[PDB]
Amino acid sequence: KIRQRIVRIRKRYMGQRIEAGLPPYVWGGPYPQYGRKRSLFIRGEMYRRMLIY
Amino acid sequence: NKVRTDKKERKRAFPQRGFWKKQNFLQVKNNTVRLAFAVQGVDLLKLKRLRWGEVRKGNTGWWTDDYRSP
Amino acid sequence: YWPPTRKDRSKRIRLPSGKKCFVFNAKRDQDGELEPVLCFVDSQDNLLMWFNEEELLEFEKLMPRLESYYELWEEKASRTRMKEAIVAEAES
Amino acid sequence: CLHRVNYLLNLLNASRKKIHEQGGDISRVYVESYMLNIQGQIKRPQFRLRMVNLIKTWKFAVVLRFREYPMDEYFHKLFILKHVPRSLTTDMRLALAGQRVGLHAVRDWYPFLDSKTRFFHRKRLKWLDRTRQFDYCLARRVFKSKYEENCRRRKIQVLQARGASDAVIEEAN
Amino acid sequence: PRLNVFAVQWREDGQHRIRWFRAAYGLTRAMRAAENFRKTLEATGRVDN
Amino acid sequence: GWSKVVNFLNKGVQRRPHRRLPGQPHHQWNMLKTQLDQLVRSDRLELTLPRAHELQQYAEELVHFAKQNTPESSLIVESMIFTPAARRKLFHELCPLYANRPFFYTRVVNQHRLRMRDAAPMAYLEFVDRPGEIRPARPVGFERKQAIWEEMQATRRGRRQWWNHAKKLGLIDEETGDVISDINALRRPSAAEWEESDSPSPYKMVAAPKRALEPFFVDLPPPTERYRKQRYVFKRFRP
Amino acid sequence: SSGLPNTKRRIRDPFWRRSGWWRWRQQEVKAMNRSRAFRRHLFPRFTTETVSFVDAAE
Amino acid sequence: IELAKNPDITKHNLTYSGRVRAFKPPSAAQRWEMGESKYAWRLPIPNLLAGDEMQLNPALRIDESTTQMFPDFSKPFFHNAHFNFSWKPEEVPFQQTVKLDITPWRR
Amino acid sequence: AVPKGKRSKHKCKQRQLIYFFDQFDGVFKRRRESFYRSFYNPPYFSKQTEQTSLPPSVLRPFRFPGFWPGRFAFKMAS
Amino acid sequence: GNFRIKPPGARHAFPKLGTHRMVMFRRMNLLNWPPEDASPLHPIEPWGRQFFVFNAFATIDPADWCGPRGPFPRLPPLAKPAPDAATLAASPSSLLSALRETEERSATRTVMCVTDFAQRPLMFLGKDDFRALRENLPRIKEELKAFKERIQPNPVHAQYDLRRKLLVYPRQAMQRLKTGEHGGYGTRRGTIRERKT
RNA sequence: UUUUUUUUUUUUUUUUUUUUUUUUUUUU
RNA sequence: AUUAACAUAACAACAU
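In this report, we go over the structure that sits alongside the text. (Residues numbered from 1 in each chain as written, not as in the entry; some residues may be left out. Chains lettered and ligands numbered in written order. Part of a larger assembly, values for the part shown. Heavy atoms only, no water. Residues with missing side-chain atoms left out of burial classes, pairs and counts.)

Below, the discussion takes up the overall build of chain A. A tally of regular secondary structure across chain A gives two helices and zero strands. Computed over its C-alpha atoms, the radius of gyration of chain A comes to 18 Å, more than 25% above the 10 Å expected for a compact globule of 53 residues. Reported as C-alpha extents along the three principal axes, the dimensions of chain A are approximately 45 × 30 × 20 Å. Out of the 53 residues belonging to chain A, those deemed buried represent 15%. Roughly 5100 Å² of accessible area belongs to chain A as shown, and the carbon and sulfur atoms make up 61% of that amount. (Helix = DSSP H or I, 4+ residues; strand = E, 2+ residues; numbered from the N terminus. Rg over C-alpha atoms; globule rule 2.2 N^0.38 Å. Buried < 20%, exposed > 50% of the residue type's maximum accessible area, 1.4 Å probe, protein only. Areas by Shrake-Rupley, 256 points an atom, 1.4 Å probe, with all protein chains shown as cover.)

This is the structure:
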């Protein structure tokens, strides 16, 4: 419940900035890692192969 | 079904308290239509709200008549 | 709370237009926390808006640019009066 | 504050409008009786765990009767019986409270203003009657004359409001 | 994921045993409790080696 | 039903102080909290009579704790609002207003009517001493004293009735045993007023009753007329 | 009061009363009511003629 | 009578059916073959033709109401703000790579 | 349980009046009195219905012109 | 205007996803807010706040003003009347054109305006006001710095810490899973099986 | 501040406690 | 247009 609350405020702020048209700046800090699978790396190879073909 | 051939009339027999209202989706759809007319420059809401025999040129209403005493 | 007593504000600065301004601690809209605020009031003592140190510093940088506009637009304004009067005084 | 009562409401309103257009006095019209007539039914299916019930709807027709109270009858019910409607009394009280009338009307409507005034008036009437002081015919004539004069003045003023000529007014009334 | 809980696997006397750790009170709290339980097992010497 | 069960069951039953609401307590409190902010932003709300009698409990406490002007009280006030607009209004328009009002800043008015769709009672929850109020409010403070003095000076009956009361307020001259002649002598500065700090411009503002007016015309509808939206959208049936 | 009908209401019963509403009592009560009702009228002491209503079509 | 029925005025903005999401394949101009070049504006030959008749500079046709200010490269920023392409500009400093750890317990 | 027999007409008749009195004493009578109180106050005006509804009013009409003294209408001006 | 009246093509030329979806809906309401003749908006970093210089319409002298009307009093503008029907009938213009006639205003009042992220008017400033404000800038920085020192931390944190240090804090159970025929004992044991060679 | 036994008190009266009903009115 | 079952209404009654 608290996380779903904080997300809203963050989003609101960001949206306000976008509307304003200010330079695009974000929180350049240590982000978490909610993912587990290497989807991007696994996905690139298929395009490589396809191209080859 | 439009043809009215399925067993969709069974549930309706029993009483109900209320039903859902897709306001969220409807609002969006209305907004999109409004935008599509606004880009051309015609007010749809205004025409959907004005009194039968009412004439209101441009962005005008009750408020307009306030200062326009003369 | 709103009314700043003599011991809660600085000297009010009057403007040609009658608008007043002072410095006092105001509850920010964010959370209601007190911070140094530059309050602006009209002739009838009504709140319009406020700034802070950051905002004022930012604005001070932009002030020069804005000044040119005052001179620029003035010309246009002046010329519009000539365009109106040339036909008003020649075809009335 | 019901929904299905609208059907009755509409009949009532239509009857009042038709009677007013027919020239009868709607202020003296009372509901006599009523009558109900069965029309039919509309059955619908209703499935259950081990049966299929039948759900239906009702259909009825209402017949109403109206009667106009002559002057004679009217007098006897209001003056004697004091069976005045509630609407009239509410109207009177409203006017009095809002100062729409003078001090002279309170006393005039005293016989029909409130229940206490009605009761005391009736007791005084009885005493007068026993004392051979009260004249039935005189009271009836005064009542009828006042009502007819008010009705006539209403129409005369309504006609004068339109700016009609003296000849038109004389020919109309 | 379905049980929404942490588990600790350790071998004692040639027998497999697993303990429950409900994470409803807190993810970090349950994780630290499980880690502390495993460390206590290893320190007291109840894990085969 | 039968209309008799209601009476039969109600025998020897105590009344509830706080009216029950649909939902969990956490939901109920949220509901009331949001409705308090919405009431602060409007000046009158139309609500059911039971609900109107319930929201007034917190409507009074908000203003009661807003006037203290203390860090502690500030916290409690913070703990009862959501949007910044309500905070701004409460702290800039309502606090100055009820400077001299000890309590009772709100009221409930019954409409004596039933809803078309629900057949439910209706009522209005309007603040006291606000523009376009249903009924006027009584004076407080020096205004009250002036009113009382006026009443006294009007007639003998008023004088007699207010004799006792007037003594406390000081409207009676003890040196002569008569009502004070000059009432302006009892004037004192209120909190609402601005303490003393101690043009030929064409852009000068023009005095006007609520707020001043600019010397220029701007093509803009009022705040309440520049943002349109459909109130409700029909939902087509699926036969 | 406020969203609640009064608990101390009195609902009439056409066929029962705490003071007794038996057949025998009904007779008496009806008799007295009729007697009182009748007396409320005030008829004139002098009339010239009496004319009745009749429906020619019927 | 029905103000919503105006296909001529609304153009393709609406679907006139139960299409919640529209579909639009790539355009001719968008495609590689017979497609408008992103760098041909600065060429000598086109300017010759375009003599006091048309400006080929894309910087003179940028919407101001839907564009953000230029950020600093040094500072974090989005890619989609102004970069209308699919390749990292050389101006951008070096970026580091992060590899997910599948078996952190081995440490 | 299940009914053992059929209800007579008499019983139903009785029930009808019982129910009518029950309802009248508790619903209708309260509603009537609540309705009648609103008369003092101005009529109700809805914002939603403004598109078709008549302008607002305060003054109440008189249903019984027979007992309505004082002027009824004003003479037209010259 | 933030939109091009009668634009080319058969589709919108602007994004309609994300925040832009909201912004389009917000801006469509007011098709004429931004004067045709206006300076570009200049937003500030911290809080969405834009500045722009424009020209406002004239107004009637207060002398000739009737008075405040309605809940939002406003002075009337200074404009000339439209052509009358008698002249418009003889005019060669079409009915469509004739019906679409409006007044004519005078825009000769130059002013600076400050808006929010939403381009919502907040305040208006003139040349004299702007010049006057510049002479008091150094006097305001010192006052702001002096007032900054009067702020103190929030005692909420300390009071909560003391409360939790010198008060009780009960904790309830969570996730009380039930069991079927067989009950639990805190720990479970696996099974042992032999291979088939 | 409320409820409860897990606390406290009684174990007396029966012409008592209590109560819906004034009856010289033999044809309301 | 149409019988019964069924549904509503009006009138008629006094040694009570």
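Within chain B one finds three helices and zero strands. Along chain B, helices and strands appear, N-terminal first, in the series α-α-α. Its C-alpha atoms give chain B a radius of gyration of 21 Å, clearly above 11 Å, the size a compact globule of 70 residues would have. Seen through its C-alpha atoms, chain B measures out along the principal axes to roughly 65 × 30 × 25 Å. Here chain B has roughly 5700 Å² of accessible surface; of this, 56% comes from carbon and sulfur atoms. Between the averaged position of the 19 positive side-chain charges in chain B and that of its 6 negative side-chain charges there is a distance of 9 Å. (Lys, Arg positive; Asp, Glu negative; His and termini not counted. Charge placed at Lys NZ, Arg CZ, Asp CG, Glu CD.)

Let us look at the protein's contact with RNA strand K. Residue and element names in this part refer to chain G. Lining the immediate environment of RNA strand K, one finds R18, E28 and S35. Measuring from a sugar or linking oxygen of RNA strand K, one finds a side-chain N or O atom of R18 at 3.1 Å. Residue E28 places a side-chain N or O atom 3.0 Å away from a sugar or linking oxygen belonging to RNA strand K. (Near = heavy atom within 4 Å. Polar contact = N/O pair within 3.5 Å; in protein donor to acceptor, adjacent residues only side chain to side chain.)

On to the protein's contact with RNA strand L. D:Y34, D:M35, D:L36, D:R65 and I:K9 make up every residue found near RNA strand L. Counting only atoms of RNA strand L within 4 Å of the protein, the sugar-phosphate share comes to 91%. Within the side chain of D:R65, an N or O atom sits 3.5 Å from a sugar or linking oxygen of RNA strand L. In this structure, I:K9 approaches RNA strand L through a side-chain N or O atom, which is 3.2 Å from a phosphate oxygen. Tallying contributions element by element places strand β1 (residues 29-38) of chain D first for the surface near RNA strand L, with three residues.

For the rest of this paragraph, the subject is the pairing of strand β3 (residues 121-127) of chain F. Two faces make up the sheet, and in a regular strand the side chains alternate between them. Residues and elements named next belong to chain F. Burial analysis of β3 places five of its seven residues in the buried class, which makes it a mostly covered element. As paired elements, strand β2 (residues 106-114) and β3 share six bridges and run antiparallel to each other. The partner of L114 across the bridge, within β3, is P121. Between β2 and β3, which pair antiparallel in sequence order, lie six residues; one of them, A119, sits at a positive phi of approximately 60°. (Pairing = 2+ DSSP bridges.)

What follows concerns the pairing of strand β1 (residues 44-47) of chain F. Residue and element names in this part refer to chain F. Residues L45 and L47 of β1 are buried on one face, while the alternating residues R44 and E46, pointing to the opposite face, are not. With four bridges joining them, β1 and β3 adopt antiparallel strand pairing. Residue pairing across strands places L45 opposite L125, the latter belonging to β3.

Before going further, it helps to examine the sheet that holds strand β2 (residues 15-22) of chain E. Ordered by their spatial adjacency, three strands build an open sheet running β1(E)-β2(E)-β7(J), and the pairing between neighbours is antiparallel. Sheet topology places β1 (5-12) of chain E together with β7 (187-189) of chain J at the edges, where each strand pairs with a single neighbour. Looking at each pair of strands side by side, their axes are set apart by 25° on average, direction ignored. Relative to β2(E), β1(E) runs antiparallel, the two being bridged by eight bridges. Looking across to β2(E), one finds that E:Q9 is bridged to E:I18. Docked against the sheet, helix α1 (residues 27-44) of chain E engages β1 and β2 of chain E, running at close to 5° with respect to β1(E). (Axes fitted to C-alpha atoms, helices over the stretch in contact; angles between N-to-C directions. Contact = heavy atoms within 4.5 Å.)

Before going further, it helps to examine the packing of aromatic side chains. Per the counting criterion, the structure on display carries 42 aromatic pairs over all chains. Centre to centre, the rings of C:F22 and F:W194 are 6.1 Å apart; their planes meet at 70°, and the pair counts as edge-to-face. Placement of the pair is C:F22 in strand β2 (residues 20-27) and F:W194 in the segment after β5 (178-179), with the two residues belonging to separate chains. Residue classification places F:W194 among the partly exposed residues on the basis of a relative accessible area of 21%. Centroid distance H:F85 to H:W87: 4.0 Å. Interplanar angle 15°. Geometry classified as stacked. Note on H:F85: relative accessible area 26%, which makes it partly exposed. D:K82 extends its terminal NZ or CZ atom over the ring of D:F79, reaching a point 5.6 Å from the ring centre. Sitting over the ring of A:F41, H:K99 keeps its end group 4.0 Å from the ring centre. (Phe/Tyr/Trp six-rings, centres within 6.5 Å; stacked < 30°, edge-to-face > 60°. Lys NZ or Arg CZ within 6 Å of the ring centre and 35° of its normal.)

Right, let's talk about the interface of chain D and chain I for a bit. Contacts between chain D and chain I engage 23 residues on the former and 20 residues on the latter. Together chain D and chain I conceal approximately 2500 Å² of surface at their shared face, both sides included; 66% is due to carbon and sulfur atoms. Taken together, the links from chain D to chain I amount to zero salt bridges. Between the two partners, chain D and chain I, sit six residue pairs in polar contact. Here the element with the most residues in the side of chain D that touches chain I is helix α3 (residues 86-98) of chain D; it accounts for nine residues. (Buried area = accessible area lost by both parts, 1.4 Å probe. Salt bridge = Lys/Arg side-chain N within 4 Å of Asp/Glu carboxyl O.)

A word on the sheet that holds strand β6 (residues 121-125) of chain J. Residue and element names in this part refer to chain J. Strands sit in the order β1-β2-β5-β6 across an open sheet of four strands; the sheet is antiparallel. The open sheet has two free edges, formed respectively by β1 (42-43) and β6, since each of these has just one partner strand. The pairing of strand β5 (residues 107-116) with β6 spans four bridges and is antiparallel. Note on β6: the bridge partner recorded for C113 is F124.

Facing 45 residues of chain C, the contacting portion of chain J comprises 40 residues. Summed over both sides, the interface of chain C with chain J buries roughly 4300 Å², with 70% coming from carbon and sulfur. Applying the counting criterion to the chain C and chain J interface returns four salt bridges. The interface formed by chain C and chain J holds nine residue pairs in polar contact in total.

Let us now look at the side chain of I:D25. Tracing the sequence through the fold places I:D25 in helix α1 (residues 9-37). Within polar-contact distance, the side chain of I:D25 engages the side chain of G:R12 at 2.9 Å. Looking at I:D25, its side chain comes within polar contact range of the side chain of I:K29, at 3.1 Å. Ignoring anything within four residues of it in the chain, the contact list for I:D25 reads G:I11 and G:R12.

Ranked by internal contacts, the top residues of the largest apolar core, which has 27 residues, are J:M112 and J:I140. A total of seven residues in this core trace back to one element, the largest contributor, which is helix α1 (residues 53-88) of chain C. Once residues within four sequence positions are removed from consideration, J:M112 is found in contact with C:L66, C:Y70, J:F52, J:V53, J:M123, J:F124, J:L125 and J:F130. (Core = buried A, V, L, I, M, F, W, Y, C linked by side-chain atoms within 4.5 Å.)

As a further point, take unusual backbone geometry. Although it is not a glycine, E:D13 sits at a positive phi angle of roughly 55°. One can find E:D13 in the loop between β1 and β2. You can call E:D13 exposed: its relative accessible area is 66%. A positive phi angle, near 60°, is found at J:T197, a position not held by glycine. Among the secondary structure elements, J:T197 is positioned in the segment after β7. By relative accessible area, which is 95% here, J:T197 ends up exposed.

Our focus in this paragraph is the packing of helix α1 (residues 2-20) of chain A against helix α1 (residues 19-28) of chain J. Running from amino to carboxyl end, α1(A) crosses α1(J) at an angle of 60°, the nearest separation of the two axes being 10 Å. Judged on the interaxial angle alone, α1(J) and α1(A) are oblique. The element α1(A) and its partner α1(J) pack so that their crossing is right-handed. Side by side, α1(A) and α1(J) meet where A:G15, A:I18 and A:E19 of the first sit next to J:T19, J:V23, J:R26 and J:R27 of the second. Looking at the contact of α1(A) with α1(J) residue by residue, the class counts come to two nonpolar, two polar and three charged. (Parallel < 35°, antiparallel > 145°, perpendicular 65-115°, else oblique. Left-handed = near helix turned anticlockwise from the far one by under 90°. Nonpolar A, V, L, I, M, F, W, Y, C, P; charged D, E, K, R; others polar.)

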